[PDB]
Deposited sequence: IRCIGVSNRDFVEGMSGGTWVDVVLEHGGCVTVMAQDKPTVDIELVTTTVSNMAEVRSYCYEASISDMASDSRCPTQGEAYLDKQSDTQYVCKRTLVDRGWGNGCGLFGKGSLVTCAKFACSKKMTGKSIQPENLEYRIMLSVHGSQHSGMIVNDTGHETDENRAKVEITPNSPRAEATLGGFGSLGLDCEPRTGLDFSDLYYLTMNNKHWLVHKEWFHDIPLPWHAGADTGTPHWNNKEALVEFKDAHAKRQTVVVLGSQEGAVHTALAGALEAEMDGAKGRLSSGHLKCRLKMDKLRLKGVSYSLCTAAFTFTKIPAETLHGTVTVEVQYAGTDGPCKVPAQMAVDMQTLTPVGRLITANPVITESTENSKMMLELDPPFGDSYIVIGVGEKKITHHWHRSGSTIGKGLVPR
């Protein structure tokens, strides 16, 4: 029943007596599979996981500087030098300044000056690599087994599909089992995609774009205190009037990066695993071992009661929840639609094949789904005098 209420819902009808049914599962979608003499089954791709990612490279998009220092020399005394020039955490630059008797030099003219400042990253973004073999697709199945909405594993199963194990068989208790032969390697191509993390938000980006980012970077396996390459990308030096030189940081580039990510897929993180809420999986479902659990039940004879008002889903089907006064459960629910209440000739069809009451206890509930004809018809639940009806209009 898990597709009931999903707007992006597809209905797939297999051939009577057929073995296979092709489906396309997409994040945000849900497929209801029907076939004659089989239980109706809802199937949905709920998660896509990437595991064992490897850190590729980190980029500093916001930096700061401190501990600025200078060395200066008189004209003809050569180039200035600071020992911070031998420290990779520092950025340095040389210029010339006017010197003379008034500031302590025996000769007049241009004296060398060098200025250094310690670079530190405020905020960085990290890129991690993806191996296509490390994908895992999680598929949920939910049988239309007459269970009602909000029941606190026979109607429900979880299946995991991987590149190395593209086939699964989900066992559905009394309903038998369903086979899945999927195509995980087809679809989203992680050949050229890195995983980018910035400020606890995540995207899938193209490698080519990631490798051409004009920002300081440190190596994937550089841990603890980082060593920044291309610090000059965020630091500039200015001089004024042959009197001094200062060092400034270019402001944060976070907005430029966010702008470049407008056309990119978004992702989340599950510990060390990446979780994508986008993508699809093409599967072939084997129906040979799927069975109707309650096809041998007797008819229910006691009185039904609507516990909710029947409700139209976005695709024109109708959901019906009823409470059953009797004790002869398990039993088949008499359920149909009719235009002529005297004939009780069936019109429309049910989506929930073989609606049943399961429990032998009184006042148990069940739910079913119907596909009414266009126009007016009566939903008829139960048999004989105590049957209940609900007049329906479709479109």
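Enumerate the deposited-sequence segments absent from the coordinates, judged by C-alpha atoms, in order of position.
Missing C-alpha atoms (numbering from 1) occur across the ranges 153-160, 404-414.
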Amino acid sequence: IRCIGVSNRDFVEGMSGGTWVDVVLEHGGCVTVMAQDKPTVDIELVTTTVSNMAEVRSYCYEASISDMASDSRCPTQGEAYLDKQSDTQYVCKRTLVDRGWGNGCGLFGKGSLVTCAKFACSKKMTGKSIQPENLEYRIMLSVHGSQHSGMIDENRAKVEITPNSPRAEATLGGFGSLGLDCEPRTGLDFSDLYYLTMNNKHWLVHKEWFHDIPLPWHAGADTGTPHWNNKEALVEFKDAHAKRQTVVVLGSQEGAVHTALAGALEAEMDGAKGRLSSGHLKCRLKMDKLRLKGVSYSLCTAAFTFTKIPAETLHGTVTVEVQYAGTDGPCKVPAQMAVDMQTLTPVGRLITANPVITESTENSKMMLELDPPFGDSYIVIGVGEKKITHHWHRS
From here on, numbers count along this sequence of modelled residues.
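Comparing 274-282 with 121-129, which stretch shows the greater average C-alpha B-factor in the deposited entry?
Higher mean C-alpha B-factor in the PDB entry: 274-282.
Going by the mean C-alpha B-factor recorded in the entry, which is higher: 318-326 or 265-273?
Per the PDB record, 265-273.
Tell me, please, which of 345, 70, 32, 352 has the highest C-alpha B factor according to the deposited entry?
The listed residue with the largest C-alpha B-factor is 345.
If you check the C-alpha B-factor for each of 208, 222, 136, 98 in the entry, which is highest?
Comparing C-alpha B-factors across 208, 222, 136, 98, the maximum falls on 208.
Hey, what third does residue 154 fall into on Cα B-factor, ranked over its chain?
For residue 154, the deposited C-alpha B-factor lands in the highest third.
Mind checking which third residue 187 falls in for C-alpha B-factor across the chain?
Ranked within chain, residue 187 CA B lands in the highest tercile.
Lowest, middle or highest third: where is residue 308 by C-alpha B factor in its chain?
Answer is middle: the recorded C-alpha B-factor places it there.
Where does the C-alpha B-factor of residue 23 rank in its chain, lowest, middle or highest third?
Middle third.
Sort the modelled residues of this chain by their C-alpha B factor and say whether residue 364 lands in the lowest, middle or highest third.
Within its chain, residue 364 is a highest-third residue by C-alpha B-factor, going by the deposited values.
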